[PDB]
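Undergrad:
Number of protein chains: 10
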Amino acid sequence: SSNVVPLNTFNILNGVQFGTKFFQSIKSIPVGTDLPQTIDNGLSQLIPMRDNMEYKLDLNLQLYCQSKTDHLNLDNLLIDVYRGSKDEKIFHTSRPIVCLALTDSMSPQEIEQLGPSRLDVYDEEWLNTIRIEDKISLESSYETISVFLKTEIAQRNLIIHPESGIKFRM
Amino acid sequence: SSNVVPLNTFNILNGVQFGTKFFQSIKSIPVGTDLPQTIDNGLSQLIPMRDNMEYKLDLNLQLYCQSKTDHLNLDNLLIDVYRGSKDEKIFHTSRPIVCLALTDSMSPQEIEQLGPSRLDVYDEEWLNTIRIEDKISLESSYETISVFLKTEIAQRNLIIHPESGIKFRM
Amino acid sequence: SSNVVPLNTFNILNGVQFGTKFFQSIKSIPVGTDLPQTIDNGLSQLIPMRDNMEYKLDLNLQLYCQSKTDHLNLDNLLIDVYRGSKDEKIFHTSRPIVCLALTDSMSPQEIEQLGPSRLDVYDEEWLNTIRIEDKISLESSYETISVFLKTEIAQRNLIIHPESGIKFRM
Amino acid sequence: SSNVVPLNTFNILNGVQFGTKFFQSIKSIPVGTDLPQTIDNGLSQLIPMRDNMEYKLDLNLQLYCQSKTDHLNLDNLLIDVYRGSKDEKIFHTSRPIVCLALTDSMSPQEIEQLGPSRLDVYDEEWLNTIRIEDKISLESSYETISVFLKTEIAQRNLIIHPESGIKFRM
Amino acid sequence: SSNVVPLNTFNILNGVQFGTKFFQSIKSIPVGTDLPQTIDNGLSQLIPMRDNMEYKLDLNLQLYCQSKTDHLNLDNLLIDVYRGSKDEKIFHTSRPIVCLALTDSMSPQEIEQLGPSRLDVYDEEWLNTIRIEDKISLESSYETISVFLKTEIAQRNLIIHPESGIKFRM
Amino acid sequence: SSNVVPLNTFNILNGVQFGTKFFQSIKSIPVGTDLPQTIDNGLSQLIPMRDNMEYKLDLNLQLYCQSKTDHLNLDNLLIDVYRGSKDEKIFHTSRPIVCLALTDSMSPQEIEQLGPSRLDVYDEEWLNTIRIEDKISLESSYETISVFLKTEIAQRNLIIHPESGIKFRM
Amino acid sequence: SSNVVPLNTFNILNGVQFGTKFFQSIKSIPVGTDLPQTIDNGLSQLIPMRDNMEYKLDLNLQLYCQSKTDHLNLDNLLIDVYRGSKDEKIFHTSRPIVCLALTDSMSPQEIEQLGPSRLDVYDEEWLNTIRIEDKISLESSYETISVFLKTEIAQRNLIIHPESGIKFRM
Amino acid sequence: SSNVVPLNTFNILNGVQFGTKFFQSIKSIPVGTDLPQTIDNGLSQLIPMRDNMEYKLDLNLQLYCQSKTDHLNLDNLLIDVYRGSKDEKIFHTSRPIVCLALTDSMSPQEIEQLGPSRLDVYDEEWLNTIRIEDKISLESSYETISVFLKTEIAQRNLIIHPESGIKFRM
Amino acid sequence: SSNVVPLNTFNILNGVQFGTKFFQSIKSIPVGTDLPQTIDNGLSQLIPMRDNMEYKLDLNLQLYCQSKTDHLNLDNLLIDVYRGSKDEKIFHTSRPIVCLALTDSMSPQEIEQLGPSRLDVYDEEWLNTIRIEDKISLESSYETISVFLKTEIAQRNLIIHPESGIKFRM
Amino acid sequence: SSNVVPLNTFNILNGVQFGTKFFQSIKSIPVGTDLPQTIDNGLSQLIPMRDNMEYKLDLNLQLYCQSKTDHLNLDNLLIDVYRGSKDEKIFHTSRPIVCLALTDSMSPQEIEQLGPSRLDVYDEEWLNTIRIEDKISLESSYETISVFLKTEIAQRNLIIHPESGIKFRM
């Protein structure tokens with residue numbers, strides 16, 4: 187029922203005026219066809235959707251923001267969800283995020299408390315968890331879904347966690 | 187009754203002599219029409235207002251101030267509310283705010299106390315909560331509402347929290 | 187009775203030889219007219235005053251001093267109250283104030299004690315509270331009141347708190 | 187009886203070879219005239235003195251010394267009291283004072299102990315309290331009183347506290 | 187049954203547009219032939235696989251990331267598994283990793299806690315453990331298996347732990 | 187009996203080869219004339235001395251030494267007492283003194299212990315107390331007394347405490 | 187039986203493209219000849235081996251890695267064992283090692299705990315213990331054994347412990 | 187009996203090849219003449235000595251050594267005692283001394299323990315106490331006594347304590 | 187029996203390609219001649235050896251390694267023992283040693299624990315004790331013994347302890 | 187019996203190729219002549235020695251080593267004792283010593299523990315105590331004794347303690 191589609195199974199088109207674009211097509215199988223699930227293999231996969239039924243989208247997005255040159259330590263992530271005339275926007279939000287700068291270093295105290303592994307320290311300290319739930323609605327009649335992630339203040343390096351994805355709930 | 191209109195559903199017009207402008211039109215539906223609410227999708231939406239009745243506005247504004255070049259660590263935010271001759275000002279106030287500078291960094295002690303996540307540290311330390319309540323009154327006869335946020339001392343980067351908005355109380 | 191007139195309802199005329207000037211006119215309504223109060227909306231408003239009666243002024247002035255270029259950490263604020271020939275001075279005083287410099291930064295210890303919010307630290311540490319009470323007397327016959335705030339040693343940035351104002355007591 | 191005359195009611199004439207000069211005239215009202223007091227409004231006021239009677243002067247002088255360019259952290263204040271041929275000196279003294287330098291900054295420990303407000307820290311740490319009592323005698327026959335405050339080692343910024351003044355005792 | 191094939195028994199082809207490539211051929215012995223194991227000697231060895239049976243691959247990958255010139259302290263490792271027209275991708279994933287920079291040094295406290303040996307400190311602090319399990323499926327009909335490890339943000343030095351390898355489960 | 191003559195009632199003649207010179211004349215009133223005392227007003231006053239009787243001088247000298255340019259932190263003060271041919275020396279001594287340098291600053295710990303006021307810290311830490319007692323003898327027949335204070339190693343700023351003076355004992 | 191051959195009894199040929207080479211010839215004495223042992227004198231000695239019997243090699247390698255110029259604090263040691271056409275490789279492995287940099291210094295705490303002698307601190311902290319056991323097999327028919335130790339990332343100084351050697355087990 | 191002759195009552199002749207010279211003549215009064223004492227006034231005084239009797243000299247020498255330019259923190263003081271052909275040396279010794287350098291400053295801890303007064307800290311920390319006792323013998327037949335104090339390594343500033351002198355014991 | 191020959195009784199020939207050379211001749215006295223001992227006076231002495239008997243050498247070598255310019259904090263000492271065609275090597279070994287660098291300084295804690303004397307701290311912390319025992323054998327037929335001490339990585343200053351020497355056991 | 191001859195009673199001849207030379211002649215008084223002692227006055231004195239009897243010399247040598255320019259913190263002192271053809275060496279030894287450098291400064295902790303006086307800190311921390319006992323033998327037939335102290339690594343400043351000397355035991 188709750189088909190989770192990871193973002194690595196989307197088509198990625200990086201740009202400079204719109205940030206990162208996650209677009210993917212939609213396949214509409216008819217009723218009584220045993221809805222399949224999206225294989226979590228990081229391969230471009232068409233999203234299975236019931237033929238005529240409204241689907242509600244839950245966006246789970248974990249990412250690491252890292253500064254390129256400007257080294258500003260706070261930024262605003264812009265999320266824009268589109269759908270298949272031209273594409274019409276159905277959702278837009280902004281989320282303040284923390285971005286790694288070259289002047290940031292772990293204190294020895296942070297190693298002792300947050301975990302000896304330094305990946306754990308970034309997971310508990312710098313990971314940006316963004317969850318848009320019960321806000322996006324999409325129907326299978328539309329044949330395209332697009333997600334835009336753009337940094338507002340400065341152009342930066344975004345490291346999207348592999349488990350980030352959109353949950354297509356019943 | 188208490189229709190909350192988030193600021194991301196307003197039309198944004200950034201400038202250099204007036205700061206950021208949040209203008210939006212007003213729709214006047216007649217009585218007995220089941221007042222709708224503003225969908226929190228970040229899309230430009232006309233504000234629903236009762237046909238002939240005085241509305242009181244409560245401005246909730248959470249934002250992150252961040253210095254561009256001047257790096258001054260304190261600023262004065264200027265809030266100016268207009269309405270639809272030319273637009274007439276109905277409210278004006280100033281609020282001192284704290285702005286992130288490139289010379290500011292978290293101490294290890296702040297990580298331990300305010301929260302391991304560094305977004306929590308900014309939320310509890312640098313977030314500017316500004317609440318103008320029971321001070322602004324607007325009637326549905328006027329067909330425009332405008333909010334101006336301008337920094338006085340220096341031109342800066344303002345990161346408005348997504349939950350910031352104006353509450354149109356009964 | 188105790189009509190509080192905030193300074194943002196005054197007319198502001200910034201200069202370079204006299205500092206900031208807060209001038210505003212006076213309206214003299216006759217007796218038995220239900221003395222109104224000044225609306226705290228930050229809009230230029232004539233001060234209501236009883237037709238023939240001596241009023242005593244209490245100046246409440248909270249402000250943030252911040253250094254522009256000189257970066258001197260102490261200054262002398264000069265307060266001069268005038269009234270409506272030319273304007274005649276009726277009160278003058280000086281108050282030492284603390285001014286933010288670019289070499290000043292919060293210690294981690296100050297965050298823990300004075301409050302996690304950094305605006306609280308400035309409120310409890312750098313805010314200059316100046317209260318002139320029972321020293322200024324003005325009658326409604328005069329049709330102008332002017333307040334001058336000037337820094338003596340150096341030209342600086344003054345951030346006047348929005349609640350600063352003059353209380354016109356019975 | 188103990189008429190306190192604040193120094194801001196004197197005439198101030200700043201110079202470069204003599205420092206700051208506080209000169210003011212004297213009015214001699216006759217006996218049985220209900221000796222008035224000096225209004226603490228910071229306005230130039232003639233000092234009321236009994237017609238024929240010796241008055242003893244108590245000089246209360248609180249000030250903030252602040253270095254201009256030399257940044258020396260200790261200085262010698264020279265106090266010279268004159269009276270109304272030319273003016274004849276009747277008192278002279280020197281008082282070592284502490285002067286703020288641009289290399290001085292508060293430790294976090296001083297904030298916790300001496301008071302969260304940084305004006306309190308300067309009041310308890312850098313304020314120079316100078317009290318000359320029972321040393322100066324002046325009669326109302328002389329029609330002028332002059333006080334000179336000059337820094338000896340270097341030319342500096344003196345911030346005289348508003349409550350500083352001369353007490354004309356019975 | 188669970189034949190573990192270390193990555194040092196693969197053929198290594200370092201590049202600049204695709205990172206490090208681990209390609210190796212597959213030998214298909216028939217049934218009833220006493221499946222041999224891969225000798226852990228770091229020598230190029232053909233992978234033994236049952237003639238007609240689906241094998242599931244478990245990728246165990248421990249590595250040390252170290253910055254060359256860019257000195258960025260966080261990176262995204264890209265894993266792409268291919269198989270033997272041209273090679274078709276069957277799996278792709280990204281894993282955030284921590285990379286040693288020349289500005290990083292051990293604190294004395296880390297020596298006391300994580301172990302006196304400094305290799306233990308890197309093992310418990312900087313070693314990137316990446317385990318893809320129950321996600322990759324490969325059949326012996328295909329005669330080639332390829333693994334690509336590429337750093338996304340910057341070109342870096344990857345030190346693959348000798349025990350890293352792919353487990354060919356029953 | 188013990189007439190204390192403060193040094194500010196002497197005539198001061200600063201030089202460069204002899205340091206600071208404190209010279210003053212002597213008045214010899216006859217017996218049975220009610221020996222007066224020296225008024226502590228900082229005005230040049232002739233020293234009252236009994237007509238024919240040996241007087242013993244006690245030199246009390248408190249001063250603040252402060253470095254001009256050389257910034258050496260220790261110096262040798264040279265005291266030479268003369269009397270009224272040419273003047274004949276009757277006493278000479280040297281006293282090591284501590285001199286303020288521009289590289290000296292108070293620690294926060296010194297504020298807590300020696301006193302919150304920073305003038306108290308200099309009084310208890312840098313004030314040079316020099317007391318020559320029962321060593322100098324002068325008779326009223328001689329009509330001049332001269333005291334020379336000169337720094338030996340370097341030319342410096344001496345801040346003589348106002349209470350410093352010579353006690354003319356019975 | 188377990189003849190231990192220290193590496194200092196090998197022939198050393200340092201290079202730049204292959205690192206350090208430890209090559210030595212093999213003498214094949216016949217059966218019933220009282221197998222001698224290798225004298226631990228650091229002199230080039232032929233390895234005694236039984237005439238026709240498979241020998242298993244256990245490599246014990248303790249070394250100190252020290253950075254020359256690059257100062258990177260982690261490296262990958264490459265071990266390649268050859269034997270006597272051209273030489274054929276029979277074993278290859280990689281071992282991450284810790285390398286001394288010029289920015290590394292002992293904390294006083296490490297002296298107290300790991301031992302007062304500073305050679306003990308390096309022995310317990312920086313010594314790289316590498317033991318390849320039960321992985322290398324060599325027969326006496328081959329007349330040459332070669333061991334290559336090469337640093338992968340950077341060219342460094344390797345200080346091989348004198349007790350390092352290869353154990354030729356029964 | 188134990189006539190103490192302070193060094194300031196000697197004739198001082200500073201040089202560059204021999205350091206500081208303390209020479210003074212000797213007066214030989216006959217027996218039964220009530221041996222006088224040397225007045226401690228810092229004036230050149232002939233040393234009283236019994237006509238025909240061997241005197242033993244005890245040299246008490248307290249001094250402050252301070253570096254001029256070389257800033258070396260240790261020196262060797264050379265003491266040479268002569269007497270009245272040419273002068274013949276009767277005693278010579280060397281004493282290591284500590285010399286103030288411009289890189290030396292008091293720690294806050296030294297203020298708390300050794301005394302709040304900074305002259306006490308130098309008295310207990312940098313004062314060089316040199317006492318040659320029961321080593322020098324001089325007879326009144328010789329009419330001259332000379333003491334040479336010279337620094338060996340470098341030319342420095344010596345601040346001889348006023349109580350330093352030679353004790354002429356019975 | 188156990189004749190200890192200190193290394194200072196050897197002939198020292200410092201070089202640049204071989205390090206320090208300790209060569210000395212051998213005298214062969216016949217049996218029944220009361221074997222003398224080597225006088226520990228630091229003078230070149232022929233080593234007494236029994237005419238025809240194998241002697242076993244025990245090398246005791248304590249030294250201080252100190253960096254000249256390279257300042258590397260770890261080195262490898264190379265010991266080569268020769269004997270009297272050309273000289274034939276009979277022993278060779280390498281010993282890792284710790285070398286003083288100009289960036290190394292004692293902590294105050296090391297003074298308290300390892301001993302107040304700073305020579306004790308070097309004795310317990312930086313002294314390299316090297317003891318080769320029961321490994322070197324030399325017969326009196328050979329008329330020369332040579333010991334070479336050379337630093338491998340860098341040319342350094344070796345301070346050989348005076349008690350270092352070779353023990354010629356029975 | 188145990189005549190102690192301080193080194194300051196020797197003739198000193200400083201050089202550059204041999205260091206400091208302490209040479210002095212020997213006087214041979216016959217038996218039954220009441221052996222005198224060497225007066226500790228720092229004057230060149232012939233050493234008294236019994237006419238025909240072997241004397242054993244005990245060298246007591248305390249000195250302060252201080253770096254001139256090289257600033258190396260460890261050195262090797264070379265002691266060579268000669269006697270009166272040319273002079274023949276009878277003893278030679280080397281002693282590692284600690285030398286003051288311009289980068290060395292006392293910690294506040296060392297003042298508290300080793301003694302408030304800073305000369306005590308050097309006495310307990312930097313003083314080099316060298317005692318050669320029961321190693322040197324000299325007979326009165328030889329008419330000259332010479333002691334050479336030379337620093338090996340670098341030319342330095344040696345401050346020999348005044349109590350250093352040679353004890354001529356019975």
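Here the protein sequences line up with chains A, B, C, D, E, F, G, H, I and J, keeping their order. Once you know that position 97 of the first sequence is 283 in our numbering, the rest is easy, because the numbers rise by one and skip nothing. Once you know that position 102 of the second sequence is 288 in our numbering, the rest is easy, because the numbers rise by one and skip nothing. Once you know that position 92 of the third sequence is 278 in our numbering, the rest is easy, because the numbers rise by one and skip nothing. Once you know that position 68 of the fourth sequence is 254 in our numbering, the rest is easy, because the numbers rise by one and skip nothing. Once you know that position 140 of the fifth sequence is 326 in our numbering, the rest is easy, because the numbers rise by one and skip nothing. Once you know that position 156 of the sixth sequence is 342 in our numbering, the rest is easy, because the numbers rise by one and skip nothing. Once you know that position 163 of the seventh sequence is 349 in our numbering, the rest is easy, because the numbers rise by one and skip nothing. Once you know that position 116 of the eighth sequence is 302 in our numbering, the rest is easy, because the numbers rise by one and skip nothing. Once you know that position 127 of the ninth sequence is 313 in our numbering, the rest is easy, because the numbers rise by one and skip nothing. Once you know that position 114 of the tenth sequence is 300 in our numbering, the rest is easy, because the numbers rise by one and skip nothing. All residues carry an ideal CB built from backbone N, CA and C; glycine is no exception.
Among the candidates A:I345, A:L288, A:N197, A:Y328, whose CA atom is the shortest distance from the CA of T255 (chain A)?
TA: A:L288
Undergrad: Pair every Cβ in the region 205 to 215 of chain H with every Cβ in the region 224 to 242 of chain H, then say whether three or more of these pairs are closer than 8 Å.
TA: yes
Undergrad: Output the boundary residues of the alpha helix (DSSP H) element that contains residue 148 (chain C).
TA: In the structure as shown, chain C starts at 187 and stops at 356, and residue 148 (chain C) therefore has no counterpart that could be examined.
Undergrad: Report yes or no: is there a C-beta of chain A within less than 9 Å of the C-beta of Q210 (chain B)?
TA: no
Undergrad: Taking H347 (chain G) as the reference, give the member of G:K321, G:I297, G:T315, G:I339 with the closest Cα.
TA: The candidate whose alpha carbon is nearest that of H347 (chain G) is G:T315.
Undergrad: Do you know offhand how far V333 (chain I)'s Cα is from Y308 (chain I)'s?
TA: 25 Å
Undergrad: Given a cut-off of 9 Å, decide if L324 (chain A) and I276 (chain A) are closer than it, judged by their beta-carbon atoms.
TA: Contact check for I276 (chain A) against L324 (chain A) passes: the beta carbons are separated by less than 9 Å.
Undergrad: Using a Cβ-Cβ distance under 9 Å, would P302 (chain C) count as near chain B?
TA: yes
Undergrad: Would you list the one or two residues that DSSP bridges to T330 (chain F)?
TA: F:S211
Undergrad: Since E311 (chain C) is in the beta strand (DSSP E), which residue starts that stretch and which ends it?
TA: Taken as a continuous stretch (DSSP letters only), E311 (chain C) belongs to no beta strand (DSSP E), being part of the alpha helix (DSSP H) at 304 to 311.
Undergrad: Would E311 (chain G) pass as an interface residue toward chain I - the criterion being a Cβ-Cβ separation below 9 Å?
TA: no
Undergrad: Give me the chain E residues within the contact set of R269 (chain G), using Cβ-Cβ distance strictly less than 8 Å, ordered along the chain.
TA: Per Cβ cutoff of 8 Å: no residues; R269 (chain G) is ~13 Å from chain E at best.
Undergrad: Among the residues of its own chain, which have a CB less than 6 Å from the CB of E296 (chain E), if the five just before and after it don't count?
TA: Here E296 (chain E) has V307 as same chain residues with Cβ atoms under 6 Å from its own Cβ, once five neighbours each way along the sequence are excluded.
Undergrad: Indicate the three-state DSSP secondary structure (helix, strand or coil) for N194 (chain D) in the structure shown.
TA: Helix, per DSSP.
Undergrad: For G201 (chain H), does the three-state DSSP call read helix, strand or coil?
TA: coil
Undergrad: Below 8 Å between beta carbons is the criterion; list the residues of the region 276 to 289 of chain G that meet it against any residue of chain E, in chain order.
TA: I276, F277, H278, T279, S280, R281, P282, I283, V284, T289
Undergrad: Do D290 (chain F) and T337 (chain F) have their C-beta atoms closer together than 9 Å?
TA: no
Undergrad: So which residues of chain J does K207 (chain H) contact, with C-beta pairs closer than 7 Å?
TA: The contacting residues do not exist; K207 (chain H) stays about 18 Å from chain J at best.
Undergrad: Out of J:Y328, J:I318, J:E310, J:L229, state which residue places its alpha-carbon closest to the alpha-carbon of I198 (chain J).
TA: J:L229
Undergrad: Terminal residues of the continuous beta strand (DSSP E) containing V217 (chain J)?
TA: No beta strand (DSSP E) holds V217 (chain J); DSSP gives it neither H nor E.
Undergrad: At which residues does the beta strand (DSSP E) containing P234 (chain G) begin and terminate?
TA: 233 to 236
Undergrad: Just to make sure I have the definition right: I need the residues of chain E whose C-beta is within less than 8 Å of the C-beta of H347 (chain G). Which are they?
TA: Here the premise fails: no neighbours, minimum Cβ distance about 15 Å.
Undergrad: Whose C-alpha, out of A:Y241, A:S187, A:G218, A:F204, is nearest the C-alpha of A340 (chain A)?
TA: The shortest Cα separation from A340 (chain A) among A:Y241, A:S187, A:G218, A:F204 belongs to A:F204.
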